[PDB]
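Here's the structure we're looking at; comments come further down.
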Amino acid sequence: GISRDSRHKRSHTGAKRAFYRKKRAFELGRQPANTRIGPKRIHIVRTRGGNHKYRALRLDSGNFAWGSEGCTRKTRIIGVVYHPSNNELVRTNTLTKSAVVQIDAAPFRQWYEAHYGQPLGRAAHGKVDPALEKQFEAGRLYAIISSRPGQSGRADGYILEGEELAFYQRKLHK
Amino acid sequence: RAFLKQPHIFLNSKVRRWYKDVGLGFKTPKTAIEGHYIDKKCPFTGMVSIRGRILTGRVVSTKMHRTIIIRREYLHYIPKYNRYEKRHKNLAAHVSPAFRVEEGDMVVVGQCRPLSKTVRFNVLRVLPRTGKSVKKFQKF
Amino acid sequence: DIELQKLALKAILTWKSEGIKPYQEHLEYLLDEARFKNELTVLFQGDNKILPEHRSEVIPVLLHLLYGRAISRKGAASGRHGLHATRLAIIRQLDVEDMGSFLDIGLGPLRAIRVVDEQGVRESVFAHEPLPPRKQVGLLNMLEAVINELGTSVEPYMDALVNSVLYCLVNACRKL
Amino acid sequence: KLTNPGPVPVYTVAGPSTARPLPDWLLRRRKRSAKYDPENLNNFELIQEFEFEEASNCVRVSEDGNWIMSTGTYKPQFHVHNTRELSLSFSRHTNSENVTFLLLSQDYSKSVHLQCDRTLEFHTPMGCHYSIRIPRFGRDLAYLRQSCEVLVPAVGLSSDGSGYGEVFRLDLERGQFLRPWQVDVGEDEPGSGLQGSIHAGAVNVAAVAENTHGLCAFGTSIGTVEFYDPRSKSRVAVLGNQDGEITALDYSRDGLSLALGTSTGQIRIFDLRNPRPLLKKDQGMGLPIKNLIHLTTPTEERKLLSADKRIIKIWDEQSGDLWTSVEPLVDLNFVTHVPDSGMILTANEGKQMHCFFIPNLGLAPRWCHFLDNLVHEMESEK
Amino acid sequence: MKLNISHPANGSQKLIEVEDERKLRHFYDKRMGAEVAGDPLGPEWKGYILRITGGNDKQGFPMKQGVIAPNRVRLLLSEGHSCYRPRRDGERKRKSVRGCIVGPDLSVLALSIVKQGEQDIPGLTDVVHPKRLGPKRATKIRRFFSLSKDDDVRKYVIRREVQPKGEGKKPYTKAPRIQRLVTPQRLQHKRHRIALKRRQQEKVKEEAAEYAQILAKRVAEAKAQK
Amino acid sequence: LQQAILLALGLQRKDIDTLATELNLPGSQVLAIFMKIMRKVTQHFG
Amino acid sequence: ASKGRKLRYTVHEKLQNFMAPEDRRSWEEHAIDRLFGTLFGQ
RNA sequence: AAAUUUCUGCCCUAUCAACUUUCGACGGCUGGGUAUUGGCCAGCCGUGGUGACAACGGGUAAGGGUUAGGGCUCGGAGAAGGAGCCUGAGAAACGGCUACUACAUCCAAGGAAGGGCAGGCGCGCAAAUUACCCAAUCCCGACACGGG
RNA sequence: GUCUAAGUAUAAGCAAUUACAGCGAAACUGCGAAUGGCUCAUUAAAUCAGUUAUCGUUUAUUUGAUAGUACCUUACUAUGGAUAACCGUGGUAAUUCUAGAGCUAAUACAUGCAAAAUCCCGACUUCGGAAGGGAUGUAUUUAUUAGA
């Protein structure tokens, strides 16, 4: 019964219409994924052209990018922090696209002290912004999910840095 | 809310503003060039592609969230009268904050993909004229 | 050999110890070829991280199996994404005392090697080989991964590191 | 079929053997391509298709006890079984992952469920009686049988009128939303959306009895139980300031002693007129207890305690002693018991729904008589 | 309930008429695949023990393993199950089936002796029955005969002699066309595959080099116009 | 409930039908329970 | 105004005669109305 | 192949001037799914949108290209009834399964399978083959053959 | 329903002068059935038509091309299992009902180690052909850079 059609809606003139045609297979709406915290629970489904997409529903580790310095690592997921759409998603701790989520700091700190070597979160090219260093001494940074976990099966994204970092931290304070 | 951002231009780097032309002999306004508004539905700012149909016309409604309405009049030929009959239409287009918006002006709009139920279109040029309210009438 | 390693682990669990007991499922999921990386990130940065009490009881078996899994060539792909990123992530997620015991198990004959004496050059040592060049290039890949994923913290093992790598270099320049 | 403890042995006849199972496609691939020797005797099923391929939400057995309706997650649906015939009667699907259901009739012929997309959907064996979209988001559900009216707690604050927090209610012989039962949750951010805010603004649990008086007990996220009375349409009590979000709410068989619990994992048994606790237990870790109901061996009374850390502890009430505790090896979303005796059913985050048998508490139920002989076979094994 | 007992190690099977449900009483309350001694059956059955593998009750409903019921139970069956061949593919048909528990209500019991006693059953233990086909793959035949790397499985085959029509002609031998045999033609096909591989790659090398010198010439002419 | 069943036959001395009625049971379940009883008294004896 | 967020008190036609009220209650109502009288407040 | 999408063109009627917002009515921001764009759906707020150039409502009476001409060409819902599921590149096949309902078959009574058009009568009196082949043209398959 | 030199033949199938050879029932595999048409409440620019657009999408089949990806501490070494058909023991009153027992194949499902290899560079150069310098695919997702 779920779909994407327009036959149930009204026109630009505000007028409705029957235009009753039976719901067809290219109009298909599929049930959403509440990608939450758990071990890997990903299903695979063939689609138009038999093309398989990965519906993740429980996920534990995502790959996130410290790309202002040049690495990305597969770290664990703590839990959602904020969703711009819905506090209910924030309540039930769901992983969607563009979702700011706290993650671990151990392999990132390992890479920092492996390349630069300066201990972090405990010359001049090794430089961490102070709020990011607060996240580092907390051991749990703020990244964001920029992948579709329901439509790619995976939680990939980038760490939160600088302007968007202060923006979303202020929104946490809101 | 969330943070407005150009989706694939790296900002948080320690060591740009992407704006594209639409071509077709159009000029990206300076407000679209460097004006710090960011909207995914503007042609120069967002990643939408203008193609196909080019049109123009007169606004009747500027008072909406980045959405104007163009009243399209034409002289339909009724054969029973052997005459040309005035028929007004109503159009839809997304307003970029790049242009200065006037009411009753002649606004040039080009076709992009459908951005809502109604909007399939984007402003590319505005001609500031002294057009009056809906009492006025002209083939355009 | 993965089958050898699996029967080995079965006899390891035949040794019934309370240190190895709460992680045995993680050992089995490490040895299962379809859940290697994800079982590794279940082990580390998970809820069931290693308790430091029986950590001494659990380290040797897991380091030995992890060495064997870094060595095994069957399931690895081509390029760097074949087995190089595996060793990369292994040494990225291992501990420095675990790195000392890891280099201890990694260096078979060159664990106790001396390249410099009271004299300058130990030619009596340098005019001998304990190893084939296949295991030598593997050794150098291992220690390169060690140094790159460690960084500064390579100080307390230097007296083995420099001896091993400098013996390999001097054997190389002798053979050229 | 195994057994977790020594003295009082529980018996997981069925469930996920592995907390992280492989993909089932690769599993059957390795099965059909590999030689394997499994324990064919002791490994078996009771009932056909006792799984949901991702997880499940809520199960209930009927008042007739012949139906097993379980709501499951991947391609969200609900499996209904005739437990007399040990198979799926059918499996009907829905539009989103269900929150929680309730059976109206003594058989499965009438079901209703609160569904995550702000909906209350109804179900006959013919099909679906049309869902009602509630105004605001909700947590749980209760049913006035003596005057058929569904009531549901709601999260957030009300839009107009007061700023309490509400319990939506709709009568079955009327058809309308009668009135949201205003239950005070507290304050919220004035600059926000209409769905409330994340920090607070939730009514969580609601409990009632349907043989005794059945006072409308409500539980809200500031850790507060309120009371309404049927035929009064009004609040009766405000009580129970606690630290955690109150998750448990269940009347006893007498209809007087209440056993609530807070999301710190702290369970409290109260008398309705004694404000002092009849009993208190702070156990496990801080990971929240979810489900707590009373249960009786044919002589004594005891209590469930289900905390989501794979912790299911049966405590005593008359002595307070922890009678037994089980680790079901997975996270679990629902627990029931058979009201006959014996079996403890648990919908999990895992693949297969997992269930348990206890012999010291009760017997194998009326539809699985030979389970006593199965635990006897285990007794011959050890 | 009559008893079809098989000695599968002997390859033999035998249905036997069995009365005296008193003597059958110990078979009750037994799941399939479980071990029960035939010693309380009869005096020729001393030392004998067997597992139970299936059976059909009155009205011939077969008995699935792993189902806790004593009575007849209405199940649903998918493709890869026994007791049910699917009418079409991807098909889950719902069918009634007798449960594991050996009740009083059977007609036959499928059993298999897994260990003999000292007595020999005159028709079950006594007669040997070979596998109708031996293996076809060369590694399988090499494993059975424990052959070496040189021993010519081609002559170490198993042959079958048959007498055809034509008024009693000579016997005729049959040999199962070994699948996993490396033939020089197959080796040649591998050579041909890798030859086409290297030929493709050198052709890409040639066209890349000639395109490189061509584009060098073209940009030389372009900047010469410039 | 084993102790009650053991009382009801071993010293109260009645039959399986009145046992089925009294402690509320359909059939041979109490017979299987005494099979368990025999199992435990045999694992004690010897 | 919006999708469902307002309680449109509309009589629902199939949702009209679902279940008859079944008074399953064990006491005599005088116990409980005295009980609600002398709850915590009294 | 399939799938959206743009401008134009409907027939009549004001005893049809207000309508839409009554499953959002229009935006714009964010998420979900879809092969993708899309209030298509879920959170956020803004205000609409159409109409006396004829909205909206009513009525049912459901054409286009090939141009001396006529010719010739093209042109929604269901498979006993609702509900759910299953293959495939493409179906929500009506091909299947499951429940409910309703018939209704055999039976040794414990069980088990299943639901079409065509024809003749339709007063007791009446009127067109129960023909044959895939021979040609065309269509489908491991495929020169097989089936239509 | 579906067979070609070019899938799997031990039919204890026919026909003959040495794993196999021809014909070849059966069975597995792959293809098929998005139609041929039958019924009946209609569809009043929503279909439909012209006219665009996909820089917003999926595509078995067609033919065209199409893959540089070694080594990487085992020091050692052209691979697996099922099962069908088949042989037998039955059950029931029984339908595409099928139980037990014993076989065997894949273009069915499954894994898959020679000091070289291959690129880009090349100093010197007799067109010599080369010292020796660097480096090791693809599919998925995210971030960055280039895109002159």
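Please note that chains go A, B, ... in the order of the structure tokens, that every chain numbers its residues from 1, and that ligands are numbered from 1 in the order shown.
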Near-residue 16 (chain G) list (12 Å; only C-alpha atoms (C1' of nucleotides); drop same-chain fewer than 4 positions) as a list in words: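 With the cut-off at 12 Å, the set is residues 129, 130, 148, 149, 170, 171, 172, 173, 174, 175, 176 and 177 of chain D; 10, 11, 12 and 20 of chain G.
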Kindly save the residues from that selection, with N, CA, C and O atoms included, as a PDB file, in the first residue's frame.
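Generated file (out-v9.pdb):
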ATOM      1  N   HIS D 129      -8.129  -3.556   9.154  1.00  0.00           N
ATOM      2  CA  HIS D 129      -9.031  -2.457   9.451  1.00  0.00           C
ATOM      3  C   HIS D 129      -8.215  -1.179   9.593  1.00  0.00           C
ATOM      4  O   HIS D 129      -7.127  -1.190  10.177  1.00  0.00           O
ATOM      5  N   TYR D 130      -8.743  -0.079   9.049  1.00  0.00           N
ATOM      6  CA  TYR D 130      -7.905   1.056   8.681  1.00  0.00           C
ATOM      7  C   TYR D 130      -7.306   1.749   9.903  1.00  0.00           C
ATOM      8  O   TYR D 130      -7.952   1.945  10.937  1.00  0.00           O
ATOM      9  N   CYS D 148     -14.768  -0.118  26.180  1.00  0.00           N
ATOM     10  CA  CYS D 148     -13.689  -0.389  25.233  1.00  0.00           C
ATOM     11  C   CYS D 148     -13.094   0.908  24.713  1.00  0.00           C
ATOM     12  O   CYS D 148     -13.688   1.588  23.870  1.00  0.00           O
ATOM     13  N   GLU D 149     -11.909   1.238  25.213  1.00  0.00           N
ATOM     14  CA  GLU D 149     -11.259   2.491  24.855  1.00  0.00           C
ATOM     15  C   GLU D 149      -9.758   2.278  24.904  1.00  0.00           C
ATOM     16  O   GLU D 149      -9.213   1.916  25.949  1.00  0.00           O
ATOM     17  N   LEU D 170      -9.268   6.750  22.624  1.00  0.00           N
ATOM     18  CA  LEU D 170     -10.283   6.596  21.596  1.00  0.00           C
ATOM     19  C   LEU D 170     -11.165   5.409  21.951  1.00  0.00           C
ATOM     20  O   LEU D 170     -10.671   4.300  22.174  1.00  0.00           O
ATOM     21  N   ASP D 171     -12.471   5.644  21.994  1.00  0.00           N
ATOM     22  CA  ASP D 171     -13.394   4.593  22.385  1.00  0.00           C
ATOM     23  C   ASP D 171     -13.819   3.776  21.170  1.00  0.00           C
ATOM     24  O   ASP D 171     -13.975   4.290  20.060  1.00  0.00           O
ATOM     25  N   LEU D 172     -14.029   2.483  21.403  1.00  0.00           N
ATOM     26  CA  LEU D 172     -14.345   1.539  20.339  1.00  0.00           C
ATOM     27  C   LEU D 172     -15.824   1.485  20.011  1.00  0.00           C
ATOM     28  O   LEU D 172     -16.186   1.092  18.897  1.00  0.00           O
ATOM     29  N   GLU D 173     -16.683   1.834  20.967  1.00  0.00           N
ATOM     30  CA  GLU D 173     -18.107   1.955  20.695  1.00  0.00           C
ATOM     31  C   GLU D 173     -18.483   3.373  20.292  1.00  0.00           C
ATOM     32  O   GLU D 173     -19.635   3.620  19.922  1.00  0.00           O
ATOM     33  N   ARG D 174     -17.549   4.317  20.396  1.00  0.00           N
ATOM     34  CA  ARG D 174     -17.800   5.696  19.999  1.00  0.00           C
ATOM     35  C   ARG D 174     -17.197   6.032  18.642  1.00  0.00           C
ATOM     36  O   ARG D 174     -17.905   6.521  17.756  1.00  0.00           O
ATOM     37  N   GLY D 175     -15.901   5.782  18.456  1.00  0.00           N
ATOM     38  CA  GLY D 175     -15.225   6.060  17.210  1.00  0.00           C
ATOM     39  C   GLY D 175     -14.384   7.322  17.209  1.00  0.00           C
ATOM     40  O   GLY D 175     -13.528   7.474  16.331  1.00  0.00           O
ATOM     41  N   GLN D 176     -14.600   8.223  18.158  1.00  0.00           N
ATOM     42  CA  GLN D 176     -13.856   9.470  18.227  1.00  0.00           C
ATOM     43  C   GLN D 176     -12.743   9.401  19.263  1.00  0.00           C
ATOM     44  O   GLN D 176     -12.796   8.629  20.225  1.00  0.00           O
ATOM     45  N   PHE D 177     -11.718  10.219  19.038  1.00  0.00           N
ATOM     46  CA  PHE D 177     -10.849  10.649  20.123  1.00  0.00           C
ATOM     47  C   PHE D 177     -11.693  11.358  21.169  1.00  0.00           C
ATOM     48  O   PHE D 177     -12.285  12.402  20.883  1.00  0.00           O
TER      49      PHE D 177
ATOM     50  N   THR G  10     -13.550  13.331  14.629  1.00  0.00           N
ATOM     51  CA  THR G  10     -14.441  12.850  13.584  1.00  0.00           C
ATOM     52  C   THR G  10     -14.896  11.438  13.920  1.00  0.00           C
ATOM     53  O   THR G  10     -14.084  10.590  14.304  1.00  0.00           O
ATOM     54  N   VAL G  11     -16.198  11.194  13.777  1.00  0.00           N
ATOM     55  CA  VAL G  11     -16.750   9.881  14.093  1.00  0.00           C
ATOM     56  C   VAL G  11     -16.316   8.906  13.007  1.00  0.00           C
ATOM     57  O   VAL G  11     -16.568   9.125  11.815  1.00  0.00           O
ATOM     58  N   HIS G  12     -15.674   7.817  13.414  1.00  0.00           N
ATOM     59  CA  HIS G  12     -15.076   6.883  12.472  1.00  0.00           C
ATOM     60  C   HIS G  12     -15.982   5.674  12.267  1.00  0.00           C
ATOM     61  O   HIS G  12     -16.317   4.958  13.215  1.00  0.00           O
ATOM     62  N   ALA G  20     -17.903  -4.663  22.053  1.00  0.00           N
ATOM     63  CA  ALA G  20     -18.845  -4.374  23.123  1.00  0.00           C
ATOM     64  C   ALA G  20     -18.112  -4.343  24.462  1.00  0.00           C
ATOM     65  O   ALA G  20     -17.176  -5.116  24.672  1.00  0.00           O
TER      66      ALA G  20
END
Neighbour list for residue 72 (chain A) as a list in words, cut-off 12 Å, only C-alpha atoms (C1' of nucleotides), skip fewer than 3 positions in-chain: residues 62, 63, 64, 65, 66, 67, 68, 69, 75, 105, 107, 108, 109, 111, 112, 143, 156, 157, 158 and 159 of chain A; 89 of chain C; 142, 143 and 144 of chain I
Chain I residues near chain A (10 Å cut-off, only C-alpha atoms (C1' of nucleotides)) as a ChimeraX atom specification: /I:43,46-47,58-60,140-144
Within 9 Å of chain G: residues of chain H, using only C-alpha atoms (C1' of nucleotides), as number ranges by chain: H: 21, 23-24
Output of the above residues as a PDB file, in the first residue's frame, restricted to N, CA and C atoms (P, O5', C5', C4', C3', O3' and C1' of nucleotides):
ATOM      1  P     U H  21      -9.829  21.033   1.294  1.00  0.00           P
ATOM      2  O5'   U H  21      -8.616  20.857   2.306  1.00  0.00           O
ATOM      3  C5'   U H  21      -7.281  20.792   1.831  1.00  0.00           C
ATOM      4  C4'   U H  21      -6.412  21.818   2.508  1.00  0.00           C
ATOM      5  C3'   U H  21      -6.739  22.113   3.961  1.00  0.00           C
ATOM      6  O3'   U H  21      -6.182  21.155   4.846  1.00  0.00           O
ATOM      7  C1'   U H  21      -6.268  24.134   2.761  1.00  0.00           C
ATOM      8  P     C H  23      -9.749  14.170   4.555  1.00  0.00           P
ATOM      9  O5'   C H  23      -8.201  13.969   4.882  1.00  0.00           O
ATOM     10  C5'   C H  23      -7.561  12.729   4.598  1.00  0.00           C
ATOM     11  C4'   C H  23      -6.058  12.820   4.685  1.00  0.00           C
ATOM     12  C3'   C H  23      -5.422  13.939   3.868  1.00  0.00           C
ATOM     13  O3'   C H  23      -4.206  14.348   4.491  1.00  0.00           O
ATOM     14  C1'   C H  23      -4.697  11.850   3.037  1.00  0.00           C
ATOM     15  P     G H  24      -4.006  15.871   4.952  1.00  0.00           P
ATOM     16  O5'   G H  24      -3.660  16.645   3.606  1.00  0.00           O
ATOM     17  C5'   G H  24      -3.628  18.068   3.581  1.00  0.00           C
ATOM     18  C4'   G H  24      -2.928  18.594   2.354  1.00  0.00           C
ATOM     19  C3'   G H  24      -2.104  17.568   1.581  1.00  0.00           C
ATOM     20  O3'   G H  24      -2.044  17.960   0.207  1.00  0.00           O
ATOM     21  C1'   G H  24      -0.685  19.265   2.365  1.00  0.00           C
TER      22        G H  24
END
Residue 51 (chain B) surroundings by only C-alpha atoms (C1' of nucleotides), 12 Å radius, close-in-sequence under 5 positions cut, as an MDAnalysis selection string: (chainID B and resid 22:24 43 109:114 120:122 124) or (chainID H and resid 5:6) or (chainID I and resid 52:56)
Polymer residues at most 10 Å from residue 41 (chain G), only C-alpha atoms (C1' of nucleotides), same-chain spacing of 3 or more positions, as a VMD selection string: (chain D and resid 236 to 237 273) or (chain G and resid 36 to 38)
Emit the selected residues as a CSV table (one decimal), in the first residue's frame, including C-alpha atoms.
chain,number,residue,atom,x,y,z
D,236,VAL,CA,-6.2,10.5,41.2
D,237,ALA,CA,-2.6,10.3,42.3
D,273,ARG,CA,-1.6,3.5,50.2
G,36,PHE,CA,-9.8,6.2,46.0
G,37,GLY,CA,-11.1,8.3,48.9
G,38,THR,CA,-8.5,7.2,51.4
Give me the chain H side of the contact with chain E, cut-off 10 Å, one line per residue showing its nearest atom pair and distance in Å at one decimal, counting only C-alpha atoms (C1' of nucleotides), sorted by chain and residue number, as a tab-separated table.
residue	atom	partner	partner_atom	distance
H:86	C1'	E:90	CA	6.5
H:87	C1'	E:90	CA	7.4
H:96	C1'	E:91	CA	8.1
H:97	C1'	E:92	CA	5.9
H:98	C1'	E:94	CA	8.4
H:110	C1'	E:59	CA	7.7
H:111	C1'	E:59	CA	7.9
Distance-based interface of chain D with chain F, 8 Å, counting only C-alpha atoms, as a list in words: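 The complete set of qualifying residues is residues 298, 360, 362, 366, 369, 370, 372, 373, 376 and 380 of chain D.
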Interface list for chain D, partner chain A, 12 Å threshold, only C-alpha atoms, as number ranges by chain: D: 18-26, 52-56, 73-77, 93-99, 116-118, 128, 130, 136-139, 154-156, 188-202, 330-332, 348-351
Expected answer as a list in words: chain I residues within 10 Å of chain C, only C-alpha atoms (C1' of nucleotides):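 The selection requested is residues 69, 70, 71, 72, 73, 74, 75, 112, 113, 115, 136 and 137 of chain I.
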Written file, previous selection with N, CA and C atoms (P, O5', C5', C4', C3', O3' and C1' of nucleotides), as a PDB file, in the first residue's frame:
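Once written, result_13.pdb looks like this:
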ATOM      1  P     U I  69      46.904  -8.265 -14.741  1.00  0.00           P
ATOM      2  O5'   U I  69      47.071  -9.004 -13.346  1.00  0.00           O
ATOM      3  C5'   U I  69      48.367  -9.274 -12.830  1.00  0.00           C
ATOM      4  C4'   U I  69      48.597  -8.590 -11.506  1.00  0.00           C
ATOM      5  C3'   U I  69      47.458  -8.708 -10.490  1.00  0.00           C
ATOM      6  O3'   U I  69      48.003  -8.902  -9.186  1.00  0.00           O
ATOM      7  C1'   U I  69      47.972  -6.431 -10.855  1.00  0.00           C
ATOM      8  P     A I  70      48.397 -10.382  -8.699  1.00  0.00           P
ATOM      9  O5'   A I  70      49.874 -10.582  -9.248  1.00  0.00           O
ATOM     10  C5'   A I  70      50.288 -11.821  -9.799  1.00  0.00           C
ATOM     11  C4'   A I  70      51.781 -11.983  -9.689  1.00  0.00           C
ATOM     12  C3'   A I  70      52.320 -12.145  -8.276  1.00  0.00           C
ATOM     13  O3'   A I  70      52.265 -13.491  -7.836  1.00  0.00           O
ATOM     14  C1'   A I  70      53.580 -10.502  -9.422  1.00  0.00           C
ATOM     15  P     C I  71      52.005 -13.842  -6.291  1.00  0.00           P
ATOM     16  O5'   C I  71      53.264 -13.240  -5.531  1.00  0.00           O
ATOM     17  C5'   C I  71      54.545 -13.839  -5.637  1.00  0.00           C
ATOM     18  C4'   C I  71      55.569 -13.002  -4.928  1.00  0.00           C
ATOM     19  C3'   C I  71      55.271 -12.739  -3.463  1.00  0.00           C
ATOM     20  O3'   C I  71      55.691 -13.794  -2.619  1.00  0.00           O
ATOM     21  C1'   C I  71      55.803 -10.702  -4.526  1.00  0.00           C
ATOM     22  P     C I  72      54.658 -14.453  -1.583  1.00  0.00           P
ATOM     23  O5'   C I  72      54.505 -13.362  -0.433  1.00  0.00           O
ATOM     24  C5'   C I  72      55.638 -12.860   0.262  1.00  0.00           C
ATOM     25  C4'   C I  72      55.371 -11.479   0.803  1.00  0.00           C
ATOM     26  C3'   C I  72      54.186 -11.367   1.750  1.00  0.00           C
ATOM     27  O3'   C I  72      54.549 -11.658   3.088  1.00  0.00           O
ATOM     28  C1'   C I  72      54.056  -9.670   0.096  1.00  0.00           C
ATOM     29  P     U I  73      53.707 -12.722   3.941  1.00  0.00           P
ATOM     30  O5'   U I  73      54.818 -13.606   4.672  1.00  0.00           O
ATOM     31  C5'   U I  73      56.054 -13.904   4.028  1.00  0.00           C
ATOM     32  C4'   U I  73      56.930 -14.825   4.848  1.00  0.00           C
ATOM     33  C3'   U I  73      56.196 -15.811   5.759  1.00  0.00           C
ATOM     34  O3'   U I  73      56.852 -17.069   5.739  1.00  0.00           O
ATOM     35  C1'   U I  73      57.722 -14.521   7.033  1.00  0.00           C
ATOM     36  P     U I  74      56.722 -18.013   4.455  1.00  0.00           P
ATOM     37  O5'   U I  74      56.509 -19.465   5.076  1.00  0.00           O
ATOM     38  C5'   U I  74      56.485 -19.633   6.490  1.00  0.00           C
ATOM     39  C4'   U I  74      55.505 -20.687   6.949  1.00  0.00           C
ATOM     40  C3'   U I  74      55.557 -22.031   6.219  1.00  0.00           C
ATOM     41  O3'   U I  74      55.340 -23.059   7.192  1.00  0.00           O
ATOM     42  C1'   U I  74      53.369 -21.180   6.134  1.00  0.00           C
ATOM     43  P     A I  75      55.651 -24.617   6.908  1.00  0.00           P
ATOM     44  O5'   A I  75      57.198 -24.839   7.269  1.00  0.00           O
ATOM     45  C5'   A I  75      58.278 -24.243   6.542  1.00  0.00           C
ATOM     46  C4'   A I  75      58.377 -24.759   5.129  1.00  0.00           C
ATOM     47  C3'   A I  75      59.777 -25.150   4.657  1.00  0.00           C
ATOM     48  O3'   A I  75      59.659 -26.202   3.702  1.00  0.00           O
ATOM     49  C1'   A I  75      58.929 -23.482   3.252  1.00  0.00           C
ATOM     50  P     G I 112      39.917 -19.788  -0.480  1.00  0.00           P
ATOM     51  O5'   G I 112      40.818 -20.683  -1.444  1.00  0.00           O
ATOM     52  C5'   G I 112      42.071 -20.210  -1.924  1.00  0.00           C
ATOM     53  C4'   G I 112      42.596 -21.076  -3.040  1.00  0.00           C
ATOM     54  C3'   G I 112      43.545 -20.399  -4.019  1.00  0.00           C
ATOM     55  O3'   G I 112      44.888 -20.399  -3.568  1.00  0.00           O
ATOM     56  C1'   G I 112      41.852 -21.543  -5.215  1.00  0.00           C
ATOM     57  P     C I 113      45.754 -19.046  -3.594  1.00  0.00           P
ATOM     58  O5'   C I 113      47.140 -19.454  -2.922  1.00  0.00           O
ATOM     59  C5'   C I 113      48.207 -19.950  -3.717  1.00  0.00           C
ATOM     60  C4'   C I 113      49.189 -20.758  -2.908  1.00  0.00           C
ATOM     61  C3'   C I 113      50.360 -19.991  -2.312  1.00  0.00           C
ATOM     62  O3'   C I 113      50.031 -19.331  -1.102  1.00  0.00           O
ATOM     63  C1'   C I 113      51.152 -21.962  -3.363  1.00  0.00           C
ATOM     64  P     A I 115      64.784 -19.476 -10.651  1.00  0.00           P
ATOM     65  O5'   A I 115      65.278 -18.867  -9.262  1.00  0.00           O
ATOM     66  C5'   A I 115      65.955 -17.613  -9.196  1.00  0.00           C
ATOM     67  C4'   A I 115      65.092 -16.483  -9.703  1.00  0.00           C
ATOM     68  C3'   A I 115      65.611 -15.073  -9.433  1.00  0.00           C
ATOM     69  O3'   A I 115      65.170 -14.242 -10.497  1.00  0.00           O
ATOM     70  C1'   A I 115      63.485 -15.316  -8.473  1.00  0.00           C
ATOM     71  P     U I 136      53.854   0.170  -4.375  1.00  0.00           P
ATOM     72  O5'   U I 136      52.916  -0.869  -5.130  1.00  0.00           O
ATOM     73  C5'   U I 136      51.540  -0.577  -5.335  1.00  0.00           C
ATOM     74  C4'   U I 136      51.069  -1.020  -6.696  1.00  0.00           C
ATOM     75  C3'   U I 136      50.222  -2.291  -6.706  1.00  0.00           C
ATOM     76  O3'   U I 136      49.200  -2.203  -7.716  1.00  0.00           O
ATOM     77  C1'   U I 136      52.166  -2.615  -8.026  1.00  0.00           C
ATOM     78  P     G I 137      47.823  -1.376  -7.478  1.00  0.00           P
ATOM     79  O5'   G I 137      46.810  -2.302  -8.284  1.00  0.00           O
ATOM     80  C5'   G I 137      45.462  -1.890  -8.462  1.00  0.00           C
ATOM     81  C4'   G I 137      44.923  -2.304  -9.805  1.00  0.00           C
ATOM     82  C3'   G I 137      43.422  -2.134  -9.989  1.00  0.00           C
ATOM     83  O3'   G I 137      43.044  -0.828 -10.381  1.00  0.00           O
ATOM     84  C1'   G I 137      44.007  -4.322 -10.562  1.00  0.00           C
TER      85        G I 137
END
Contact residues (chain D, partner chain E, 7 Å, only C-alpha atoms) as a VMD selection string: chain D and resid 41 44 to 46 85 87 370
